[PDB]
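S.K.: After the C-alpha cells below, expect a handful of questions from me.
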Amino acid sequence: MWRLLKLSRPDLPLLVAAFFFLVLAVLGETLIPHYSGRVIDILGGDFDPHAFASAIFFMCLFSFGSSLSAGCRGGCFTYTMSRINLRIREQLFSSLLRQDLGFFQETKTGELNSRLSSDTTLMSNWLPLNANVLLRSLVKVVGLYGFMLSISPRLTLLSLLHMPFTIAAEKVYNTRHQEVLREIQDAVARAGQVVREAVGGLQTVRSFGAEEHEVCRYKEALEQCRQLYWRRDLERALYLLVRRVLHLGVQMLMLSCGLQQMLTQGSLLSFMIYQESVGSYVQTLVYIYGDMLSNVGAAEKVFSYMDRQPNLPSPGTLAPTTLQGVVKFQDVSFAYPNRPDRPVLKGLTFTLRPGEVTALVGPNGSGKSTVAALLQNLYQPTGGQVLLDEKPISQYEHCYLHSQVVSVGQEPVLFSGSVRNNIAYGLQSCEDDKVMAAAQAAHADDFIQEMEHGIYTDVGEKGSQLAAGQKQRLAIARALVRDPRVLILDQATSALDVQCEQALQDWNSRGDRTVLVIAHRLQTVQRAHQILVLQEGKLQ
Amino acid sequence: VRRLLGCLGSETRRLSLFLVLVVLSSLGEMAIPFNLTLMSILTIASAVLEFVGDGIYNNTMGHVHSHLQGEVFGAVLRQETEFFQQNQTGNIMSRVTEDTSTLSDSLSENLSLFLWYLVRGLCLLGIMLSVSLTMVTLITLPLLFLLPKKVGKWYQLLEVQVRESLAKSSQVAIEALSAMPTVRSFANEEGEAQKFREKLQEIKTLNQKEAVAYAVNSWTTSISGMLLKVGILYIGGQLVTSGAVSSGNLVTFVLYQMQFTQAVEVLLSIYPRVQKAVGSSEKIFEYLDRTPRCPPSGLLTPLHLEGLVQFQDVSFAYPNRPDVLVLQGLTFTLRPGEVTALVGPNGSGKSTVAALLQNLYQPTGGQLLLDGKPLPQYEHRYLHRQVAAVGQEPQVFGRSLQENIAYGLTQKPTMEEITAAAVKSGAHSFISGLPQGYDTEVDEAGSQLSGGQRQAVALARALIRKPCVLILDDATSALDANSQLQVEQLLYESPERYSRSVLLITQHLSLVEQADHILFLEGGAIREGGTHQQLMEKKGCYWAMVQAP
Ligand SMILES: Nc1ncnc2c1ncn2[C@@H]1O[C@H](COP(=O)(O)OP(=O)(O)OP(=O)(O)O)[C@@H](O)[C@H]1O
Ligand SMILES: Nc1ncnc2c1ncn2[C@@H]1O[C@H](COP(=O)(O)OP(=O)(O)OP(=O)(O)O)[C@@H](O)[C@H]1O
Ligand SMILES: [Mg+2]
Ligand SMILES: [Mg+2]
C-alpha cells in the first residue's frame with residue numbers, strides 16, 4: 001500500500017508540476033462565474049462601447065488560461081500514468097527472472113503472463129477516472145460553502161452531525177469490495193491459462209480434433225468471470241442506492257431544526273438545496289478515496305511476487321584462472337522440493353576424473369537426469385556434498401560456473417532468434433570463427449548452407465522449422481562453442497542417424513576435457529573408461 | 001468506424017429497456033420544480049432510477065464481453081496450421097486477451113456517456129426554442145467537425161503500434177518464462193531483461209506522443225467551445241440594440257445556449273476515444289473475417305473402415321519456403337495387418353509424411369486416399385479418431401493422468417480401458433507407484449515426468465482410441481530396453497495387430513527386421529523399397545546404413 005509511492009520517485013518532477021496546472025485551473029475558474037455575470041447584467045444596463053468589450057476580453061483571457069492549464073495537466077497525467085505502468089512491468093519481470101526453479105512448478109506461465117498484462121493496469125488505474133466534472137464540482141462546492149458561511153452561528157450543530165451516518169457500513173464495503181477485486185483476478189489469470197494450453201500445443205490438439213473441447217473450456221472459464229463482474233457491479237450499485245436513500249436523514253433532521261423556530265421562510269427554504277447538493281459531492285469524495293485505496297490494495301499477489309525471496313544459496317565470488325575438473329559426490333541424497341518426503345537419490349558417491357569418459361546407465365525414472373541437473377547447481381542436495389575440485393560448487397561465480405560447466409539436456413529447447421543467436425546463446429560477444437568451428441565440430445555445416453540466408457536463418461519457437469536431428473546438432477554446437485571443462489550430455493543420440501553417431505563417437509579426442517555421458521543403449525557406451533549403473537536411486 | 005453494429009445488435013433489445021429509461025431520466029431534468037416529505041418521495045425515487053438503469057446496462061455489458069472473447073478465440077482455432085507459426089504464441093495471447101478487454105471497457109464507458117449526454121443535449125436544444133439564433137448556432141456547429149476528422153486517423157496509426165509492441169513484449173516474456181531451466185543453465189537472465197527493456201522502449205516512445213495528442217485535443221475542444229459561446233453571445237448583444245426580444249427572453253436563451261455548448265463539448269471529447277477504439281479493434285477484426293485457406297470439415301462417417309492408405313505421386317512444399325519441394329515422388333500403400341517401416345537420414349522428411357497423413361497440411365501435386373476417398377471428405381472428429389499418432393516430441397497437458405490418456409474423446413471411457421491401456425503401454429508399472437493413482441496432477445509440459453514416462457503416457461493416449469491407422473514416430477527413443485519389448489509386442493505379438501495399419505519411423509534397426517515392408521527415403525525420394533532380405537541381398541543405401549559400424 002506504500003511501496004508503489006516509492007515507485008513514483010522518478011515521476012516527482014511531473015506530478016507536483018501537474019498539480020501546478022491544477023491550481024492555475026481553479027485560480028482562473030474562481031474568477032469565472034462572477035465576471036460572467038458582469039456580461040449578462042449589462043443586458044439590463046446596456047453600455048456597448050466600453051464595459052461590454054472589457055468584460056468579453058477578461059472572460060476570454062480567463063477561460064483561455066483555464067483551458068491552457070487543463071490541457072497541460074491532462075498531458076502530464078497521461079504520460080505519468082503510463083510511465084508508472086512501464087516501471088512496474090519491468091521490475092516485475094526482473095523479479096520473476098530471479099526466483100528459483102521450484103517457484104515455476106507451483107505456478108503456471110499463463111498466470112504470470114496475466115499478472116504482467118492485466119494487474120499492472122489495475123495498479124495504474126488509480127487515477128480519478130472522471131475529473132473534469134470533479135474540478136467544476138470542487139469550485140462550485142467552494143463557492144456554495146462561501147455563500148452559506150452567512151448562517152455561521154447556527155451551523156455549529158450541522159458540520160459535526162454530517163460525520164457519523166452510514167459510515168459504519170463503509171468499513172464493511174471496503175472489505176466486501178476488496179476480496180471481490182482480488183477474486184476476479186484469480187478468475188481471470190486461470191482463464192488465461194486455457195488459451196495457453198491450446199495454442200502452445202496447437203499441433204498436438206489438431207492431431208486429435210479437440211478444438212471444440214478447448215472452446216467449451218474457455219467459455220466455461222469466461223462464465224465465472226462474467227458472474228463475478230455482475231456481482232461486483234450489483235454490490236456497488238446497491239451500496240450507492242442505500243447511501244442515497246439513507247442520506248436524507250440529516251436533511252429531514254435539519255429541516256426539523258429549521259421549522260422548530262416557528263430567520264424566516266425566505267432564509268431557510270431557499271437555503272437547504274445547496275447543502276443537500278454538496279452532501280452528494282462529499283459522498284463522491286469519500287467514494288473515490290475508497291475506490292482508489294481498493295484499487296491500490298487489490299494487488300497483494302503482485303506485491304508478494306515483488307518482495308518474494310528465493311531459497312537459492314548465497315552467491316560465491318570464486319573464479320580462478322585454473323580448473324582441474326575433478327568432480328566428487330559425497331553421500332548425496334536429493335528429494336524434490338515440490339514433492340518432498342520421497343527421495344530420488346539415496347546416497348550416491350562417485351568421482352569424475354579430468355581426462356576420462358564416465359558413462360551412466362539406468363532404467364526409466366531411476367534419476368539420471370536428476371543427477372545431471374543437480375551437477376549444474378540448478379538444485380540443492382538435502383544431504384551430502386557436490387564438490388568441484390576441492391571447493392563446493394555453490395561458491396563459484398554464476399557466469400563463470402555456467403561457462404565452464406555445460407550440458408546437453410534430454411530435450412533441447414530452442415528460441416525464436418537466428419541460428420547465430422542460438423548457437424551463441426549466453427555469450428556477450430564472440431567471433432564468427434568460433435561459431436563456424438562449433439558448426440563443423442557438430443557436423444552442422446552441411447545443412448547450414450542448405451537453408452536460406454546462410455547462418456542468419458530465422459528459427460521459430462522451440463525449433464519448429466528444423467527437424468529433431470538438426471535441433472540436436474544445434475544444441476551440441478551451442479554446448480561446444482564455449483570450449484568447456486566439464487561437459488554433461490544426456491541422450492544426445494536421441495534423433496541422430498547411424499552415420500552421424502559413428503562420425504561423432506569420441507568426444508574426448510581432445511584429451512583435456514571432462515565428459516559425462518548418459519545413454520540407454522549399452523553398446524554405444526562400450527568405449528567409456530568408466531561405467532556407472534544405478535538402480536532405484538542407489539549406485540550398484 | 002461503424003463496424004460494431006454487427007456484433008452488438010443481438011443485445012440491443014435489452015438496450016431498448018435501458019433507452020426508454022434514459023428519457024425517463026431526461027425529462028426529469030427538463031421538468032421545472034413544481035407536506036413535510038415533499039422533497040423526500042421524489043428524491044429517493046430518483047435514486048431508484050439510478051439503480052434500475054446502471055443495474056440493467058452493466059448486466060448487458062458483461063454479455064457483450066464474455067460472448068466476444070468466446071468468439072475471437074474461436075476465430076483463432078479455425079485458421080490453418082501454418083498461421084500458428086507465422087504468428088507467435090504471445091502475439092495471439094495479447095490480441096485475444098488485452099485488446100478485447102480494452103475494447104470492451106472503452107465501449108462500456110463511452111456508450112453510456114454518449115447516450116446520457118446526447119439526450120440531455122437534444123432536450124436542451126428543444127427547450128430554448130428564438131428560431132433565428134438557434135439556427136445560427138446549428139449552422140456554426142458543424143464547422144468544429146473538421147479537426148477531429150484529421151485527428152482520428154493519426155490516433156489509429158499511433159495506437160496500432162502501441163498494441164503491436166505490447167504484443168511483442170508479451171511474446172518475449174512468455175518465451176523467457178516457458179524455458180526456465182534452459183535459461184538458467186546458460187546464465188542468460190540479463191539478456192532476457194535487456195530484450196524486455198528494448199521492447200518497452202517503443203511503448204515509452206509512443207506514449208510520449210499519446211500525451212501530446214491528448215493535450216492538443218483538449219486544447220482545441222475548449223477553444224472551439226469558448227469561441228462559439230463568445231460568437232453567439234456577441235451576435236445576441238449586437239441584436240439587442242436592434243430590439244430583437246426582451247431582457248428576460250434572452251436571459252434564459254443564453255443560459256440554455258451555454259448548457260448546450262457544455263453538452264456538445266463532451267461529444268467532441270469522446271470522438272477521439274471512439275477513433276482509438278476503432279483503431280484498437282483492427283487486428284481482432286482481421287482474425288474474425290480471415291478466410292482459412294485449409295479445406296473445411298467433411299461429412300462422411302462410415303461405420304466400417306479399413307486401414308487402407310494410398311499415396312499417389314504425393315509432393316509437398318512448405319508455405320514458409322515454397323520455392324523448394326521437400327517431397328518429390330511418394331507413392332506407396334498401407335494395408336491392415338501389415339507393418340511398414342520408413343527409414344532415412346536426418347532432414348529427409350519423415351515427420352512431413354506423418355504430418356501429411358494426419359491432415360495437418362495438404363499435398364501440392366499428389367493424391368492421398370484413405371479407403372479410396374480423400375482425407376478432407378471425412379468428418380474432423382471421426383478422422384482424427386480413426387487415425388492416431390505419437391509424434392517425434394510428445395506433449396502432455398496440465399491435468400490428471402486419466403484426462404491426459406483419454407484426451408479428446410467425447411465418449412468419456414471409464415476406468416477399465418484406461419487401466420488396460422496403461423498396462424498395455426507399460427505406463428501403469430509406474431502409475432500405480434504414484435500416491436494419488438490415476439488422479440494425480442502433472443504440471444505444464446510434463447515437468448514432473450521423465451522422457452520415458454512421457455513417451456509411455458503418449459503411447460497410452462494414442463492406444464485407447466483403438467485406431468485403424470497408427471503412426472509411431474520415434475516412440476522408442478527415450479524408452480529403455482525393458483519397456484520397448486512391449487512396443488515390440490504391440491507390433492508383432494498382440495492379437496489386435498490384424499486390426500491396425502502401423503507406420504513405423506524409427507532409427508533403431510532392431511525393430512525393423514520383422515517389418516513386412518521397409519522404405520528408404522532420402523532427399524524426399526524413395527530410393528529402395530522391399531522386404532528386409534531383399535534389401536540385404538542387393539547392394540544399396542540400407543545395406544550401407546546397416547554395415548556402417
Ligand atoms: N521437476 C521434478 N519434480 C518432481 N519430480 C520430478 C521432477 N523431475 C523428475 N522427477 C521425478 O524423478 C524421478 C526420476 O527423474 P529423472 O527425470 O531424473 O529420471 P531418469 O531416470 O533420468 O529418466 P529417463 O526416463 O529420462 O531416463 C521420477 O519419479 C520423476 O517423476
Ligand atoms: N514447419 C516447417 N517449416 C519449414 N520447413 C520445415 C518445417 N518442418 C520441417 N521443415 C523442413 O523439412 C525438412 C524435413 O523436415 P522433417 O521434420 O519432416 O524431417 P525428418 O526427416 O522427419 O527429421 P528427423 O530425421 O530429424 O526426424 C527439413 O529441411 C526441415 O527444415
Ligand atoms: Mg532421465
Ligand atoms: Mg522427424
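Going by the C-alpha cells order, chains are called A, B, ..., each with residues numbered from 1, while ligands are numbered from 1 in the order shown.
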Near residue 534 in chain B, counting only C-alpha atoms, which residues have an atom at most 12 Å away, once you skip same-chain residues fewer than 5 positions from it, shown as a PyMOL selection string?
M.R.: chain B and resi 513+516-519+528-529+539-540+542-543
S.K.: Residues as selected, C-alpha atoms, written as a short mmCIF file (atom, residue, chain, number, x, y, z; two decimals), in the first residue's frame, can you do that?
M.R.:
```cif
data_model
loop_
_atom_site.label_atom_id
_atom_site.label_comp_id
_atom_site.auth_asym_id
_atom_site.auth_seq_id
_atom_site.Cartn_x
_atom_site.Cartn_y
_atom_site.Cartn_z
CA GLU B 513 13.88 -56.61 -39.11
CA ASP B 516 6.52 -56.50 -43.59
CA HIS B 517 7.82 -53.62 -45.72
CA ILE B 518 10.82 -51.30 -45.42
CA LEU B 519 11.03 -47.97 -47.25
CA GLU B 528 14.81 -48.54 -52.11
CA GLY B 529 11.65 -50.45 -51.28
CA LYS B 539 23.77 -53.56 -52.50
CA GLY B 540 22.17 -50.27 -51.54
CA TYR B 542 20.15 -49.51 -46.47
CA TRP B 543 22.98 -52.04 -46.64
#
```
S.K.: So that I can check the surroundings of residue 220 in chain B, please list as number ranges by chain every protein, DNA and RNA residue that reaches within 9 Å of it, counting only C-alpha atoms and ignoring chain neighbours fewer than 5 positions away.
M.R.: B: 147, 215, 225
S.K.: Let's see if you can do this: from backbone DSSP, list all alpha helix (DSSP H) residues in range 70-132 of chain B, as number ranges by chain.
M.R.: B: 70-77, 83-86, 89-127, 131-132
S.K.: Show me which residues sit within 10 Å of ligand 3 when counting only C-alpha atoms and all ligand atoms, and put them as a ChimeraX atom specification.
M.R.: /A:361-372,409-410,490-491,518-520 /B:449-453,478-479
S.K.: Please, which residues of range 142-389 of chain B, numbered as in this document, come out strand (DSSP E or B) from DSSP, as an MDAnalysis selection string?
M.R.: chainID B and resid 300 309:316 327:334 339:343 367:370 373:374 378 387:389
S.K.: Keeping only N, CA, C and O atoms, take the residues you just selected and write them out as a short mmCIF file (atom, residue, chain, number, x, y, z; two decimals), in the first residue's frame.
M.R.:
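The resulting file, again_22.cif, is shown below:
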```
data_model
loop_
_atom_site.label_atom_id
_atom_site.label_comp_id
_atom_site.auth_asym_id
_atom_site.auth_seq_id
_atom_site.Cartn_x
_atom_site.Cartn_y
_atom_site.Cartn_z
N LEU B 300 -18.71 -37.31 -44.16
CA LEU B 300 -18.85 -38.76 -44.16
C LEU B 300 -18.37 -39.35 -42.84
O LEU B 300 -17.32 -38.97 -42.33
N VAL B 309 -4.35 -47.13 -46.92
CA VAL B 309 -3.86 -45.79 -47.18
C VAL B 309 -3.03 -45.82 -48.46
O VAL B 309 -2.15 -46.67 -48.61
N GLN B 310 -3.32 -44.90 -49.38
CA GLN B 310 -2.63 -44.85 -50.66
C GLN B 310 -2.02 -43.48 -50.88
O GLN B 310 -2.73 -42.46 -50.81
N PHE B 311 -0.72 -43.45 -51.15
CA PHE B 311 0.00 -42.25 -51.56
C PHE B 311 0.30 -42.38 -53.05
O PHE B 311 1.03 -43.29 -53.45
N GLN B 312 -0.23 -41.46 -53.85
CA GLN B 312 -0.07 -41.49 -55.31
C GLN B 312 0.57 -40.18 -55.75
O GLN B 312 -0.12 -39.15 -55.82
N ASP B 313 1.87 -40.24 -56.04
CA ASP B 313 2.65 -39.12 -56.59
C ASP B 313 2.58 -37.88 -55.70
O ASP B 313 2.48 -36.75 -56.18
N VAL B 314 2.64 -38.10 -54.38
CA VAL B 314 2.47 -37.01 -53.43
C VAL B 314 3.72 -36.15 -53.40
O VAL B 314 4.84 -36.66 -53.23
N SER B 315 3.55 -34.85 -53.58
CA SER B 315 4.62 -33.88 -53.45
C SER B 315 4.14 -32.73 -52.59
O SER B 315 3.02 -32.24 -52.75
N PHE B 316 4.99 -32.30 -51.65
CA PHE B 316 4.61 -31.27 -50.70
C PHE B 316 5.70 -30.20 -50.62
O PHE B 316 6.89 -30.51 -50.72
N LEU B 327 9.15 -33.09 -50.57
CA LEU B 327 8.80 -34.43 -51.01
C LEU B 327 8.57 -34.42 -52.51
O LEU B 327 7.88 -33.53 -53.03
N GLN B 328 9.15 -35.39 -53.22
CA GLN B 328 9.11 -35.40 -54.68
C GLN B 328 8.09 -36.38 -55.24
O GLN B 328 7.17 -35.98 -55.95
N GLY B 329 8.25 -37.67 -54.94
CA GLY B 329 7.54 -38.70 -55.68
C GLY B 329 6.95 -39.84 -54.87
O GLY B 329 6.99 -40.99 -55.33
N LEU B 330 6.44 -39.55 -53.68
CA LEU B 330 5.93 -40.59 -52.79
C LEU B 330 4.74 -41.32 -53.41
O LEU B 330 3.78 -40.70 -53.86
N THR B 331 4.82 -42.66 -53.40
CA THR B 331 3.73 -43.50 -53.90
C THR B 331 3.87 -44.86 -53.23
O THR B 331 4.80 -45.61 -53.56
N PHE B 332 2.98 -45.17 -52.29
CA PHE B 332 3.01 -46.46 -51.62
C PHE B 332 1.64 -46.75 -51.02
O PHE B 332 0.70 -45.96 -51.16
N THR B 333 1.53 -47.90 -50.35
CA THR B 333 0.25 -48.38 -49.84
C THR B 333 0.45 -49.04 -48.49
O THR B 333 1.39 -49.81 -48.29
N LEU B 334 -0.45 -48.72 -47.56
CA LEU B 334 -0.50 -49.33 -46.24
C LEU B 334 -1.78 -50.15 -46.12
O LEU B 334 -2.88 -49.62 -46.34
N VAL B 339 3.08 -54.19 -41.34
CA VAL B 339 3.96 -53.22 -40.70
C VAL B 339 4.88 -52.64 -41.78
O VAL B 339 5.59 -53.39 -42.46
N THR B 340 4.85 -51.32 -41.92
CA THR B 340 5.71 -50.61 -42.86
C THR B 340 6.64 -49.70 -42.06
O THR B 340 6.18 -48.85 -41.30
N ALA B 341 7.94 -49.89 -42.25
CA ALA B 341 8.96 -49.13 -41.53
C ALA B 341 9.62 -48.15 -42.49
O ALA B 341 10.24 -48.56 -43.48
N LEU B 342 9.49 -46.86 -42.19
CA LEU B 342 10.04 -45.79 -43.01
C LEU B 342 11.33 -45.30 -42.36
O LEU B 342 11.30 -44.78 -41.23
N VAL B 343 12.45 -45.45 -43.05
CA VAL B 343 13.75 -45.07 -42.52
C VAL B 343 14.46 -44.17 -43.52
O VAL B 343 14.17 -44.19 -44.72
N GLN B 367 -2.00 -37.20 -54.72
CA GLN B 367 -3.26 -37.71 -54.19
C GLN B 367 -2.98 -38.55 -52.96
O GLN B 367 -2.09 -39.41 -52.97
N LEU B 368 -3.74 -38.32 -51.90
CA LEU B 368 -3.70 -39.13 -50.70
C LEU B 368 -5.10 -39.67 -50.45
O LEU B 368 -6.05 -38.89 -50.33
N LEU B 369 -5.23 -40.99 -50.37
CA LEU B 369 -6.53 -41.64 -50.29
C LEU B 369 -6.60 -42.54 -49.06
O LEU B 369 -5.68 -43.33 -48.82
N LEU B 370 -7.68 -42.41 -48.30
CA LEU B 370 -7.98 -43.32 -47.20
C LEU B 370 -9.23 -44.10 -47.59
O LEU B 370 -10.32 -43.53 -47.67
N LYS B 373 -11.01 -42.72 -50.66
CA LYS B 373 -11.61 -41.40 -50.57
C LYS B 373 -10.59 -40.42 -50.00
O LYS B 373 -9.74 -40.80 -49.19
N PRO B 374 -10.65 -39.15 -50.42
CA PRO B 374 -9.69 -38.17 -49.90
C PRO B 374 -9.93 -37.85 -48.44
O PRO B 374 -11.04 -38.00 -47.91
N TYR B 378 -13.79 -36.84 -44.97
CA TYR B 378 -14.22 -37.39 -43.69
C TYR B 378 -14.45 -36.29 -42.66
O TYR B 378 -13.86 -35.21 -42.74
N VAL B 387 -7.45 -42.17 -36.97
CA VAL B 387 -6.02 -42.06 -37.26
C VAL B 387 -5.34 -41.51 -36.01
O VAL B 387 -5.68 -40.41 -35.56
N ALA B 388 -4.39 -42.26 -35.47
CA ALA B 388 -3.71 -41.87 -34.25
C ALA B 388 -2.21 -41.84 -34.49
O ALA B 388 -1.68 -42.60 -35.29
N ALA B 389 -1.52 -40.94 -33.78
CA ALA B 389 -0.09 -40.80 -33.94
C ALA B 389 0.54 -40.37 -32.63
O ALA B 389 -0.14 -39.86 -31.73
#
```
S.K.: What lies within 7 Å of residue 421 in chain B using only C-alpha atoms, ignoring chain neighbours under 5 positions off, as a PDB file with N, CA and C atoms, in the first residue's frame?
M.R.:
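Heads up, here's the output in out_34.pdb:
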```pdb
ATOM      1  N   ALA B 460       0.061 -44.528 -24.507  1.00  0.00           N
ATOM      2  CA  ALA B 460      -1.204 -44.963 -23.926  1.00  0.00           C
ATOM      3  C   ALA B 460      -2.357 -44.079 -24.383  1.00  0.00           C
ATOM      4  N   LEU B 463      -3.173 -45.212 -27.870  1.00  0.00           N
ATOM      5  CA  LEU B 463      -3.701 -46.570 -27.955  1.00  0.00           C
ATOM      6  C   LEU B 463      -5.190 -46.658 -27.649  1.00  0.00           C
ATOM      7  N   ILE B 464      -5.698 -45.804 -26.755  1.00  0.00           N
ATOM      8  CA  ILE B 464      -7.019 -46.013 -26.170  1.00  0.00           C
ATOM      9  C   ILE B 464      -8.155 -45.780 -27.160  1.00  0.00           C
TER      10      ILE B 464
END
```
S.K.: Which of these residues is nearest to ligand 1, using only C-alpha atoms and all ligand atoms: B:404, B:40, B:429, B:89?
M.R.: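 Using only C-alpha atoms and all ligand atoms, ligand 1 sits closest to B:429.
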S.K.: Please provide the set of residues having any atom within 8 Å of range 324-331 of chain A, restricted to only C-alpha atoms, with same-chain residues fewer than 5 positions apart removed, written as a list in words.
M.R.: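 Final neighbour list, sorted by chain and number: residues 347, 348, 349, 350, 351, 352, 353, 354, 383, 384, 385, 386, 387, 388, 389, 485, 486 and 514 of chain A.
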S.K.: Emit the selected residues as a tab-separated table (two decimals), in the first residue's frame, including N, CA, C and O atoms.
M.R.:
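After the write, out09.tsv holds the following:
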```tsv
chain	number	residue	atom	x	y	z
A	347	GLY	N	21.95	-41.72	-1.60
A	347	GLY	CA	23.33	-41.84	-1.15
A	347	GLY	C	24.33	-42.12	-2.25
A	347	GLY	O	25.17	-43.02	-2.11
A	348	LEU	N	24.25	-41.37	-3.34
A	348	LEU	CA	25.21	-41.52	-4.42
A	348	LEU	C	26.58	-41.01	-4.00
A	348	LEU	O	26.70	-40.06	-3.22
A	349	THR	N	27.62	-41.65	-4.53
A	349	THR	CA	29.01	-41.28	-4.23
A	349	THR	C	29.89	-41.79	-5.36
A	349	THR	O	30.00	-43.00	-5.55
A	350	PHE	N	30.51	-40.87	-6.11
A	350	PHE	CA	31.47	-41.24	-7.14
A	350	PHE	C	32.40	-40.07	-7.40
A	350	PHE	O	32.27	-39.00	-6.79
A	351	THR	N	33.35	-40.28	-8.31
A	351	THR	CA	34.35	-39.28	-8.66
A	351	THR	C	34.56	-39.27	-10.16
A	351	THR	O	34.69	-40.33	-10.78
A	352	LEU	N	34.61	-38.07	-10.74
A	352	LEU	CA	34.86	-37.86	-12.16
A	352	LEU	C	36.25	-37.26	-12.33
A	352	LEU	O	36.53	-36.19	-11.77
A	353	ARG	N	37.10	-37.94	-13.11
A	353	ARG	CA	38.47	-37.58	-13.40
A	353	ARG	C	38.54	-36.59	-14.56
A	353	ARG	O	37.64	-36.55	-15.40
A	354	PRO	N	39.59	-35.75	-14.61
A	354	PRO	CA	39.69	-34.76	-15.69
A	354	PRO	C	39.81	-35.35	-17.09
A	354	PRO	O	39.31	-34.75	-18.04
A	383	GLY	N	21.25	-33.77	1.50
A	383	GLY	CA	22.37	-34.31	2.22
A	383	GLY	C	23.54	-34.54	1.28
A	383	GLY	O	23.40	-34.60	0.06
A	384	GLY	N	24.72	-34.67	1.88
A	384	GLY	CA	25.94	-34.87	1.13
A	384	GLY	C	26.45	-33.58	0.52
A	384	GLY	O	25.88	-32.50	0.68
A	385	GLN	N	27.55	-33.70	-0.21
A	385	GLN	CA	28.18	-32.54	-0.83
A	385	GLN	C	28.48	-32.83	-2.30
A	385	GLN	O	28.81	-33.96	-2.67
A	386	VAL	N	28.36	-31.80	-3.13
A	386	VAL	CA	28.78	-31.84	-4.52
A	386	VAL	C	29.99	-30.93	-4.64
A	386	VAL	O	29.88	-29.71	-4.46
A	387	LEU	N	31.15	-31.50	-4.94
A	387	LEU	CA	32.41	-30.76	-4.92
A	387	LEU	C	33.00	-30.69	-6.32
A	387	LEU	O	33.14	-31.71	-6.99
A	388	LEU	N	33.34	-29.48	-6.74
A	388	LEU	CA	34.14	-29.25	-7.94
A	388	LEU	C	35.53	-28.82	-7.48
A	388	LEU	O	35.66	-27.82	-6.77
A	389	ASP	N	36.55	-29.58	-7.90
A	389	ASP	CA	37.91	-29.51	-7.35
A	389	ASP	C	37.79	-29.77	-5.85
A	389	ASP	O	37.18	-30.77	-5.45
A	485	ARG	N	35.15	-27.12	-19.70
A	485	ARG	CA	35.96	-28.07	-18.95
A	485	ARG	C	35.16	-29.28	-18.48
A	485	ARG	O	35.70	-30.39	-18.45
A	486	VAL	N	33.90	-29.09	-18.13
A	486	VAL	CA	33.01	-30.19	-17.76
A	486	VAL	C	31.82	-30.15	-18.71
A	486	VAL	O	31.12	-29.13	-18.81
A	514	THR	N	36.71	-32.97	-19.31
A	514	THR	CA	35.92	-33.92	-18.53
A	514	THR	C	34.56	-34.09	-19.19
A	514	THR	O	33.84	-33.11	-19.42
```
S.K.: When you look at residue 251 in chain A with a cut-off of 12 Å (counting only C-alpha atoms), what residues show up, excluding the ones that are within fewer than 3 positions of it in the same chain? I need them as a VMD selection string.
M.R.: (chain A and resid 158 161 to 162 165 244 to 248 254 to 258 271 to 280) or (chain B and resid 36 to 37 39 to 40 43)
S.K.: Tell me which protein, DNA and RNA residues are within 7 Å of range 74-86 of chain B, counting only C-alpha atoms, leaving out same-chain ones fewer than 2 positions away, and put them as a list in words.
M.R.: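 Once the adjacent positions are removed, what remains is residues 211 and 215 of chain A; 70, 71, 72, 88, 287, 288, 292, 293, 294 and 360 of chain B.
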S.K.: Can you tell me which residues surround range 427-436 of chain A at a distance of at most 9 Å, considering only C-alpha atoms, apart from same-chain residues fewer than 3 positions away, and format the answer as an MDAnalysis selection string?
M.R.: (chainID A and resid 403 420 423:424 439:441 445 477:478 481:482) or (chainID B and resid 186 188 191)
S.K.: Taking only C-alpha atoms and all ligand atoms and a cut-off of 6 Å, can you tell me which residues surround ligand 4, written as an mmCIF file with N, CA, C and O atoms, in the first residue's frame?
M.R.:
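And here is the file that came out, result.cif:
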```cif
data_model
loop_
_atom_site.group_PDB
_atom_site.id
_atom_site.type_symbol
_atom_site.label_atom_id
_atom_site.label_comp_id
_atom_site.auth_asym_id
_atom_site.auth_seq_id
_atom_site.Cartn_x
_atom_site.Cartn_y
_atom_site.Cartn_z
ATOM 1 N N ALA A 467 14.196 -29.986 -38.031
ATOM 2 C CA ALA A 467 13.858 -31.334 -37.612
ATOM 3 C C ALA A 467 14.447 -31.607 -36.231
ATOM 4 O O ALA A 467 15.039 -30.733 -35.594
ATOM 5 N N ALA A 468 14.280 -32.840 -35.751
ATOM 6 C CA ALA A 468 14.800 -33.186 -34.433
ATOM 7 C C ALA A 468 16.316 -33.353 -34.456
ATOM 8 O O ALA A 468 17.007 -32.925 -33.523
ATOM 9 N N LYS B 350 10.504 -37.440 -42.938
ATOM 10 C CA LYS B 350 9.594 -38.469 -42.440
ATOM 11 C C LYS B 350 8.493 -37.866 -41.575
ATOM 12 O O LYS B 350 7.328 -38.281 -41.657
ATOM 13 N N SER B 351 8.843 -36.884 -40.739
ATOM 14 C CA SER B 351 7.829 -36.168 -39.975
ATOM 15 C C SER B 351 6.890 -35.397 -40.888
ATOM 16 O O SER B 351 5.724 -35.187 -40.541
#
```
S.K.: Which distance in Å separates CA of residue 124 in chain A and CA of residue 97 in chain A, to one decimal?
M.R.: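 Atom-to-atom, CA of residue 124 in chain A and CA of residue 97 in chain A are spaced 22.6 Å apart.
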S.K.: List every residue of chain B that has an atom at most 12 Å from any atom of ligand 1, giving for each one its closest atom pair and the distance in Å to one decimal, counting only C-alpha atoms and all ligand atoms, sorted by chain and then by ascending residue number, as CSV.
M.R.:
```
residue,atom,partner,partner_atom_place_in_ligand_line,distance
B:180,CA,ligand 1,1 (N),11.8
B:181,CA,ligand 1,1 (N),10.2
B:427,CA,ligand 1,25 (O),11.6
B:429,CA,ligand 1,29 (O),11.8
B:430,CA,ligand 1,29 (O),8.3
B:431,CA,ligand 1,29 (O),10.0
B:432,CA,ligand 1,29 (O),11.8
B:433,CA,ligand 1,29 (O),8.9
B:434,CA,ligand 1,29 (O),8.5
B:435,CA,ligand 1,29 (O),11.5
B:440,CA,ligand 1,31 (O),11.5
B:441,CA,ligand 1,4 (C),11.2
B:442,CA,ligand 1,4 (C),9.3
B:443,CA,ligand 1,3 (N),9.3
B:444,CA,ligand 1,1 (N),11.0
B:445,CA,ligand 1,1 (N),11.0
B:446,CA,ligand 1,1 (N),8.9
B:447,CA,ligand 1,1 (N),5.3
B:448,CA,ligand 1,2 (C),4.4
B:449,CA,ligand 1,31 (O),4.3
B:450,CA,ligand 1,17 (O),4.0
B:451,CA,ligand 1,26 (O),4.0
B:452,CA,ligand 1,25 (O),4.2
B:453,CA,ligand 1,25 (O),6.1
B:454,CA,ligand 1,25 (O),8.3
B:455,CA,ligand 1,25 (O),9.1
B:456,CA,ligand 1,25 (O),10.0
B:476,CA,ligand 1,25 (O),11.3
B:477,CA,ligand 1,26 (O),9.9
B:478,CA,ligand 1,26 (O),6.3
B:479,CA,ligand 1,25 (O),6.9
B:480,CA,ligand 1,27 (O),7.6
B:481,CA,ligand 1,27 (O),11.2
B:482,CA,ligand 1,25 (O),11.5
B:483,CA,ligand 1,25 (O),10.7
```
